[PDB]
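Next up, run18.cif (mmCIF, C-alpha atoms):
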data_final
#
loop_
_atom_site.label_atom_id
_atom_site.label_comp_id
_atom_site.auth_asym_id
_atom_site.auth_seq_id
_atom_site.Cartn_x
_atom_site.Cartn_y
_atom_site.Cartn_z
CA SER A 11 34.20 40.77 -115.94
CA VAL A 12 35.47 43.97 -117.56
CA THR A 13 33.87 47.41 -117.50
CA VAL A 14 34.41 49.67 -120.53
CA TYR A 15 33.52 53.37 -120.50
CA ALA A 16 33.42 54.76 -124.02
CA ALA A 17 32.61 58.00 -125.77
CA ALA A 18 29.05 58.05 -127.07
CA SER A 19 30.25 58.12 -130.70
CA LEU A 20 31.56 54.55 -130.11
CA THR A 21 28.21 53.09 -128.97
CA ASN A 22 27.53 50.91 -132.00
CA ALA A 23 31.07 49.69 -132.64
CA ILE A 24 31.75 48.78 -129.01
CA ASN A 25 28.36 47.08 -128.67
CA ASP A 26 29.27 44.89 -131.66
CA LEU A 27 32.69 44.08 -130.23
CA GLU A 28 31.26 43.30 -126.77
CA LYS A 29 29.03 40.71 -128.41
CA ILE A 30 31.94 39.18 -130.35
CA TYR A 31 34.13 39.05 -127.24
CA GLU A 32 31.38 37.41 -125.16
CA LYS A 33 31.00 34.73 -127.84
CA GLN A 34 34.77 34.07 -127.75
CA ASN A 35 35.43 34.25 -123.99
CA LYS A 36 33.79 33.30 -120.67
CA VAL A 37 33.99 36.98 -119.67
CA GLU A 38 31.18 39.47 -119.09
CA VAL A 39 31.74 42.88 -120.71
CA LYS A 40 29.83 45.79 -119.15
CA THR A 41 29.54 49.01 -121.17
CA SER A 42 28.73 52.63 -120.34
CA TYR A 43 28.45 55.37 -122.96
CA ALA A 44 28.27 59.11 -122.40
CA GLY A 45 30.26 62.21 -123.27
CA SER A 46 33.99 61.70 -122.76
CA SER A 47 34.03 64.44 -120.13
CA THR A 48 31.30 62.84 -118.00
CA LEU A 49 33.01 59.47 -118.14
CA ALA A 50 36.45 60.75 -117.20
CA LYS A 51 35.01 62.72 -114.29
CA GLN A 52 33.16 59.61 -113.07
CA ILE A 53 36.38 57.58 -113.21
CA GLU A 54 38.14 60.32 -111.24
CA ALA A 55 35.43 60.06 -108.56
CA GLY A 56 35.90 56.28 -108.18
CA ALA A 57 33.80 54.63 -110.91
CA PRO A 58 35.20 51.12 -111.51
CA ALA A 59 35.93 51.32 -115.23
CA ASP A 60 38.66 48.95 -116.35
CA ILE A 61 39.04 50.62 -119.76
CA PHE A 62 38.27 54.13 -121.03
CA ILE A 63 38.01 55.23 -124.66
CA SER A 64 37.91 59.01 -125.10
CA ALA A 65 36.93 60.95 -128.21
CA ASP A 66 39.84 63.35 -127.56
CA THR A 67 43.34 63.39 -126.21
CA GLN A 68 42.47 65.98 -123.56
CA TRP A 69 40.19 63.85 -121.41
CA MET A 70 42.72 61.00 -121.38
CA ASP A 71 45.44 63.50 -120.40
CA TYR A 72 43.07 64.67 -117.62
CA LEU A 73 43.20 61.17 -116.15
CA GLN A 74 46.94 60.73 -116.73
CA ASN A 75 47.65 63.97 -114.85
CA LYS A 76 45.69 62.51 -111.93
CA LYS A 77 47.74 59.27 -112.11
CA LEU A 78 44.68 57.23 -113.11
CA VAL A 79 46.28 55.96 -116.32
CA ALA A 80 49.97 55.46 -117.13
CA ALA A 81 51.57 56.84 -120.30
CA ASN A 82 52.51 53.29 -121.35
CA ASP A 83 48.92 52.03 -120.77
CA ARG A 84 47.26 54.19 -123.44
CA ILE A 85 47.36 54.19 -127.25
CA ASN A 86 45.80 56.30 -129.97
CA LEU A 87 43.28 53.91 -131.53
CA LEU A 88 40.92 55.64 -133.97
CA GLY A 89 40.37 58.79 -136.01
CA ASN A 90 37.24 60.51 -137.27
CA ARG A 91 36.06 63.55 -139.25
CA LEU A 92 33.77 66.40 -138.22
CA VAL A 93 30.61 67.05 -140.26
CA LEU A 94 27.53 69.23 -140.56
CA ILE A 95 24.22 67.37 -140.65
CA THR A 96 20.62 68.22 -141.47
CA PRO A 97 17.37 66.32 -140.95
CA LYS A 98 16.51 64.10 -143.87
CA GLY A 99 14.12 66.07 -146.02
CA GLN A 100 15.79 69.44 -145.36
CA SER A 101 19.04 68.84 -147.24
CA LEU A 102 21.68 71.56 -147.57
CA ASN A 103 25.18 71.88 -148.95
CA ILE A 104 27.31 74.34 -146.97
CA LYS A 105 30.96 75.13 -147.61
CA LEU A 106 32.93 75.22 -144.35
CA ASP A 107 35.11 78.09 -145.55
CA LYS A 108 35.88 81.59 -144.25
CA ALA A 109 34.01 83.04 -147.26
CA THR A 110 30.68 81.57 -146.16
CA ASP A 111 28.44 83.77 -144.04
CA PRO A 112 26.99 81.67 -141.19
CA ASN A 113 24.17 84.17 -140.72
CA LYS A 114 23.06 83.49 -144.30
CA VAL A 115 23.30 79.68 -144.28
CA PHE A 116 22.34 78.90 -140.64
CA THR A 117 18.84 80.34 -140.23
CA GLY A 118 17.74 78.26 -137.22
CA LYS A 119 19.45 76.49 -134.37
CA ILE A 120 22.71 74.55 -134.45
CA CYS A 121 22.93 71.45 -132.23
CA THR A 122 26.23 70.07 -130.95
CA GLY A 123 27.97 68.98 -127.78
CA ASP A 124 28.80 71.46 -125.03
CA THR A 125 31.64 73.49 -126.52
CA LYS A 126 33.60 73.72 -123.25
CA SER A 127 33.66 70.04 -122.33
CA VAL A 128 32.24 67.48 -124.79
CA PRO A 129 34.85 66.51 -127.43
CA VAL A 130 32.59 67.01 -130.46
CA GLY A 131 31.71 70.48 -129.21
CA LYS A 132 35.31 71.37 -128.45
CA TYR A 133 36.33 70.32 -131.96
CA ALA A 134 33.39 72.31 -133.35
CA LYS A 135 34.44 75.44 -131.48
CA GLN A 136 38.03 75.11 -132.75
CA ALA A 137 36.66 74.99 -136.29
CA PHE A 138 34.27 77.91 -135.84
CA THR A 139 37.12 79.98 -134.39
CA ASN A 140 39.45 79.04 -137.23
CA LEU A 141 36.77 80.04 -139.74
CA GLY A 142 36.00 83.40 -138.12
CA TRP A 143 32.43 82.30 -137.36
CA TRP A 144 32.39 81.94 -133.57
CA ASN A 145 30.64 85.14 -132.52
CA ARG A 146 27.96 84.59 -135.18
CA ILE A 147 27.56 80.84 -134.40
CA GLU A 148 27.36 81.01 -130.60
CA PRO A 149 23.92 82.70 -130.37
CA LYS A 150 22.43 79.83 -132.41
CA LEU A 151 23.73 76.91 -130.33
CA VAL A 152 21.84 74.15 -128.54
CA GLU A 153 24.42 72.23 -126.53
CA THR A 154 24.12 68.62 -125.39
CA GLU A 155 26.11 66.32 -123.09
CA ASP A 156 27.15 63.90 -125.82
CA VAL A 157 27.19 63.71 -129.60
CA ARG A 158 24.32 61.21 -129.83
CA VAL A 159 21.91 63.52 -128.00
CA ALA A 160 22.74 66.15 -130.63
CA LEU A 161 22.28 63.62 -133.44
CA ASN A 162 18.83 62.80 -132.10
CA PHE A 163 17.73 66.44 -131.83
CA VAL A 164 18.62 66.87 -135.53
CA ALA A 165 16.88 63.61 -136.44
CA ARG A 166 13.71 64.87 -134.70
CA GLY A 167 13.77 68.28 -136.37
CA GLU A 168 14.49 70.22 -133.18
CA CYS A 169 17.56 71.75 -134.87
CA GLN A 170 18.07 72.89 -138.48
CA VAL A 171 21.67 71.64 -138.48
CA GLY A 172 23.98 69.77 -136.17
CA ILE A 173 27.69 69.12 -135.81
CA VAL A 174 28.54 65.48 -135.25
CA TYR A 175 31.19 63.02 -136.39
CA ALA A 176 31.14 61.45 -139.87
CA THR A 177 30.46 58.09 -138.17
CA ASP A 178 27.35 59.49 -136.47
CA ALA A 179 25.91 60.71 -139.77
CA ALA A 180 26.50 57.25 -141.26
CA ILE A 181 24.65 55.42 -138.46
CA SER A 182 21.43 57.48 -138.71
CA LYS A 183 19.07 57.11 -141.67
CA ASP A 184 17.29 60.23 -140.40
CA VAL A 185 20.08 62.79 -141.05
CA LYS A 186 22.16 63.74 -144.10
CA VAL A 187 25.60 65.31 -144.40
CA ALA A 188 25.52 68.97 -145.38
CA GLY A 189 29.29 69.53 -145.32
CA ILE A 190 32.62 68.10 -144.09
CA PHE A 191 34.96 70.32 -142.08
CA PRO A 192 38.46 70.43 -143.60
CA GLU A 193 41.04 68.83 -141.39
CA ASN A 194 42.97 72.10 -141.08
CA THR A 195 40.09 73.80 -139.19
CA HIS A 196 40.50 71.78 -135.97
CA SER A 197 42.81 69.49 -134.05
CA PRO A 198 42.84 65.92 -135.38
CA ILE A 199 40.00 63.84 -133.99
CA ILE A 200 41.86 61.09 -132.08
CA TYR A 201 40.35 58.46 -129.76
CA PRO A 202 42.86 57.26 -127.11
CA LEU A 203 42.26 53.86 -125.53
CA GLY A 204 43.33 53.60 -121.89
CA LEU A 205 43.86 50.65 -119.54
CA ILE A 206 42.71 51.99 -116.17
CA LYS A 207 42.64 48.79 -114.13
CA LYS A 208 45.51 46.40 -114.82
CA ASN A 209 44.31 42.81 -114.49
CA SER A 210 44.39 39.80 -116.79
CA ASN A 211 40.86 40.22 -118.16
CA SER A 212 41.14 43.97 -118.77
CA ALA A 213 44.54 43.62 -120.48
CA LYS A 214 43.06 40.95 -122.78
CA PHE A 215 40.13 43.16 -123.82
CA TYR A 216 42.50 46.11 -124.34
CA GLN A 217 44.57 44.01 -126.75
CA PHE A 218 41.38 42.72 -128.43
CA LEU A 219 40.35 46.30 -129.24
CA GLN A 220 43.63 46.63 -131.19
CA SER A 221 43.17 43.32 -132.99
CA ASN A 222 42.65 42.51 -136.65
CA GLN A 223 39.08 41.45 -135.79
CA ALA A 224 38.31 44.79 -134.13
CA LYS A 225 39.85 46.80 -136.98
CA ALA A 226 37.19 45.31 -139.26
CA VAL A 227 34.37 46.43 -136.98
CA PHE A 228 35.68 49.98 -136.59
CA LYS A 229 36.21 50.30 -140.35
CA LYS A 230 32.64 49.10 -140.98
CA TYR A 231 31.29 52.03 -138.92
CA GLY A 232 33.53 54.53 -140.74
CA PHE A 233 36.32 55.11 -138.24
CA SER A 234 39.93 55.30 -139.38
CA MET A 235 42.59 53.17 -137.68
CA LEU A 236 45.64 55.05 -136.46
#

This entry written out as C-alpha cells:
Amino acid sequence: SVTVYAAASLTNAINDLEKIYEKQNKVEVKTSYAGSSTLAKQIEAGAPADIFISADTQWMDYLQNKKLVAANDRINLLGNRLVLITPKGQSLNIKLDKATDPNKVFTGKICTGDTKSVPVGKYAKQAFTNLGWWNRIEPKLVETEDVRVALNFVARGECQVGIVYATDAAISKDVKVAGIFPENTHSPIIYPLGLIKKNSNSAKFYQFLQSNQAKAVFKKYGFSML
C-alpha cells in the first residue's frame, strides 16, 4: 500500500486520483487530509506517510531540515491563488488594495486558517501585512486548523467573509468569490510534493502524481501546474 498525507485543499483532487490509481494498480492508497502543519508535525513524530503534499514550501522545508525528506525527493507540483469568499446570498465585491478600508468593508468576522501555522492563513497574513490592513483585520479573525474548516464556516453563515484558495471557492456551491488577492501581495502559493518513504510502490505513486493523467485532474479542480 501507499499512505499519502495531503493538505486539505487537495482533498477532492487526491481522492479522484486515488480512485484512478486503484483502478490501474493492485495497490491500496490510504489518504489523510488536514492542515499542512498538522500533517508535517505528525510525520515528524513517526506517522507512516509515504508521500506528503504541502500547501507551502515552509512545511516541506521543515521536514527537510529534520532529514525526513531529501532535496532530490521533492518537487514543486501545483500553484493556486488566494481569494475572499462570502456565503451565497450575501455577495460582495471587495478590492484587495491599500486604498480599501477593511473596517468599512468587513463588518463581521473573517474566517481563515491559523495565521501562524496553516498555509492559507500564513499567506493571508502576508497579504494583510502588505496591504497595511493587519492591525485592523486581526480583531475580526476566526482561525481554523485547515482551509476546509474555514470554507465550511463561511458556507454555514458563521462568518461574513473567509479567505481560502481559488480552488476551494470553486468546489463549494455555497460560497461565492468576493475578490482575488493580487499575486504581489503574498508569496507564491506553491504545493511541494515529497517522497518520504522510498520504496517501489511509493515511488510509482509519486511519479503518477506528476503524470499527464494527473495534470488533467488537477486542472479540472482549478490548480495550476508548475

Translate the PyMOL selection byres ((chain A and resi 190) around 6), as applied to the file shown, into an explicit residue set as a compact mmCIF listing (two decimals) with C-alpha atoms, in the frame of the given file.
# COMPACT_ATOMS: atom_id res chain seq x y z
CA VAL A 93 30.61 67.05 -140.26
CA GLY A 189 29.29 69.53 -145.32
CA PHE A 191 34.96 70.32 -142.08

Quick one: residues within 6 Å of residue 196 of chain A, only C-alpha atoms counted, chain neighbours fewer than 4 positions away excluded, as a PDB file with C-alpha atoms, in the coordinates of the input?
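Listed below is the output, selection20.pdb:
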ATOM      1  CA  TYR A 133      36.330  70.320-131.960  1.00  0.00           C
ATOM      2  CA  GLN A 136      38.030  75.110-132.750  1.00  0.00           C
ATOM      3  CA  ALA A 137      36.660  74.990-136.290  1.00  0.00           C
TER       4      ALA A 137
END

(request) Kindly resolve the PyMOL selection byres ((chain A and resi 32-46) around 9) on the present coordinates and return the residues as a PyMOL selection string. (result) chain A and resi 11-21+24-25+27-31+47-51+59+62-66+69-70+123+127-130+155-158+211+215

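Going from atom CA of residue 205 of chain A to atom CA of residue 87 of chain A covers 12.4 Å.
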
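Between residue 92 of chain A and the residues A:126, A:108, A:114, A:132, the shortest atom-to-atom distance, using only C-alpha atoms, involves A:132.
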
Close residues, segment 177-187 of chain A itself excluded, 9 Å, only C-alpha atoms, min 5 positions apart in chain, as a PDB file with C-alpha atoms, in the coordinates of the input:
ATOM      1  CA  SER A  19      30.250  58.120-130.700  1.00  0.00           C
ATOM      2  CA  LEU A  20      31.560  54.550-130.110  1.00  0.00           C
ATOM      3  CA  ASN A  22      27.530  50.910-132.000  1.00  0.00           C
ATOM      4  CA  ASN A  90      37.240  60.510-137.270  1.00  0.00           C
ATOM      5  CA  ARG A  91      36.060  63.550-139.250  1.00  0.00           C
ATOM      6  CA  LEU A  92      33.770  66.400-138.220  1.00  0.00           C
ATOM      7  CA  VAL A  93      30.610  67.050-140.260  1.00  0.00           C
ATOM      8  CA  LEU A  94      27.530  69.230-140.560  1.00  0.00           C
ATOM      9  CA  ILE A  95      24.220  67.370-140.650  1.00  0.00           C
ATOM     10  CA  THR A  96      20.620  68.220-141.470  1.00  0.00           C
ATOM     11  CA  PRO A  97      17.370  66.320-140.950  1.00  0.00           C
ATOM     12  CA  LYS A  98      16.510  64.100-143.870  1.00  0.00           C
ATOM     13  CA  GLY A  99      14.120  66.070-146.020  1.00  0.00           C
ATOM     14  CA  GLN A 100      15.790  69.440-145.360  1.00  0.00           C
ATOM     15  CA  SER A 101      19.040  68.840-147.240  1.00  0.00           C
ATOM     16  CA  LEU A 102      21.680  71.560-147.570  1.00  0.00           C
ATOM     17  CA  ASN A 103      25.180  71.880-148.950  1.00  0.00           C
ATOM     18  CA  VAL A 157      27.190  63.710-129.600  1.00  0.00           C
ATOM     19  CA  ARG A 158      24.320  61.210-129.830  1.00  0.00           C
ATOM     20  CA  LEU A 161      22.280  63.620-133.440  1.00  0.00           C
ATOM     21  CA  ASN A 162      18.830  62.800-132.100  1.00  0.00           C
ATOM     22  CA  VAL A 164      18.620  66.870-135.530  1.00  0.00           C
ATOM     23  CA  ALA A 165      16.880  63.610-136.440  1.00  0.00           C
ATOM     24  CA  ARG A 166      13.710  64.870-134.700  1.00  0.00           C
ATOM     25  CA  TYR A 231      31.290  52.030-138.920  1.00  0.00           C
ATOM     26  CA  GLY A 232      33.530  54.530-140.740  1.00  0.00           C
ATOM     27  CA  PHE A 233      36.320  55.110-138.240  1.00  0.00           C
TER      28      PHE A 233
END
